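The form solved without this ligand is given below as one chain in structure tokens.
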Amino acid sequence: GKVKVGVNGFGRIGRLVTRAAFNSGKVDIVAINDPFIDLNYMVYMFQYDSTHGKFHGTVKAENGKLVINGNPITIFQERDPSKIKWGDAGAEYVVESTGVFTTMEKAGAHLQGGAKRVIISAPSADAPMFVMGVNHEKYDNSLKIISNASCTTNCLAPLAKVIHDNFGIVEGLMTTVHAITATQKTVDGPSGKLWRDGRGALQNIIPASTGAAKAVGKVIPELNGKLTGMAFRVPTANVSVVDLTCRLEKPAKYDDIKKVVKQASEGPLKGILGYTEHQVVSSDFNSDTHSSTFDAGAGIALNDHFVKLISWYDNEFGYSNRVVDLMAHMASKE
């Protein structure tokens, strides 16, 4: 039996999580809450996508409900998360994806509405973080509020886990070249505390600070205090790339690194970590469900103890599919 999932917020992450849930069939969506989008606008927003194309299926509105592939979905319009009746709609798990309730106390308001477990699709200050394929076996059913970290952490963590297991990362610095997001502006406009992010996204790349490489040390406890980095935001649509420059404890030629990464991508991390040797570019990874894909031909090594590794990730489809996979594993553990 599939678990029943409600979604709070119909932004980019909520719509793509609903799309991934209906495409994979692992979980069932029964309720969506958004206070600023009405039903017909939800139909229009779900049906058409500039990046991932039209939805393969039927979506319509009937009797005040959103019907996707013949499945009706209840729609709520509450602005206070403590007043949403999740239990009346039958939702067992709730995906919090608005990005403003990230603490345990703020995201715990969904438990008052009748939900059982809450999954935060964002980095959290105090909720435990789980990344699929890295530390998701440490989950137990006593935990009620779960965080899934972010897209950059989900790209960096499996590759760093493989490299640290085989060669012992001593210290590393990460640079990610990121696509544009919803928090940026088309022209030069006002941004409150981040002055670089208010500049025009079409004409410039923004060197942005990120905390994903530090969160890898929270997901992998042996790498705590050994990773940090920054970001650049280039005017491109969807696909981002992580560049990790690291120092290794044991000697490692580049062919050995390629061999162990390919071996990990075949058996244990299948569907999470990818491997390729072709002359790929960014748009070759559009609508790819992998967390990260190792680029063998793009990296370079200075010597046996100082390497630079390149990994591609779709920061839209991969993260949503990992949210669905985490919910499926959580339902299986019950």
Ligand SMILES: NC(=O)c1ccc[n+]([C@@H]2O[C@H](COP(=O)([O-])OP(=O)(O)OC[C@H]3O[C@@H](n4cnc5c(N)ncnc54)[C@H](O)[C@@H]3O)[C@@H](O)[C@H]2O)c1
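Start at 1 and count along the sequence shown; that's the residue number.
This next part talks about the form solved in complex with this ligand, which is not shown.
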query: Distance check, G99 to this ligand in the entry with it bound, heavy atom within 4.5 Å; finding: yes
query: 4.5 Å heavy atom contact, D295 and this ligand in the entry with it bound; finding: no
query: Distance check, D165 to this ligand in the entry with it bound, heavy atom within 4.5 Å; finding: no
query: Residue contact check: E78 to this ligand in the entry with it bound, 4.5 Å heavy atom; finding: yes
query: Options 119 to 127, 132 to 140, 156 to 164, 252 to 260; stretch whose heavy atom lies within 4.5 Å of this ligand in the entry with it bound; finding: 119 to 127
query: Contacts with this ligand in the entry with it bound, stretch 28 to 65 (heavy atom within 4.5 Å); finding: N33, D34, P35, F36, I37
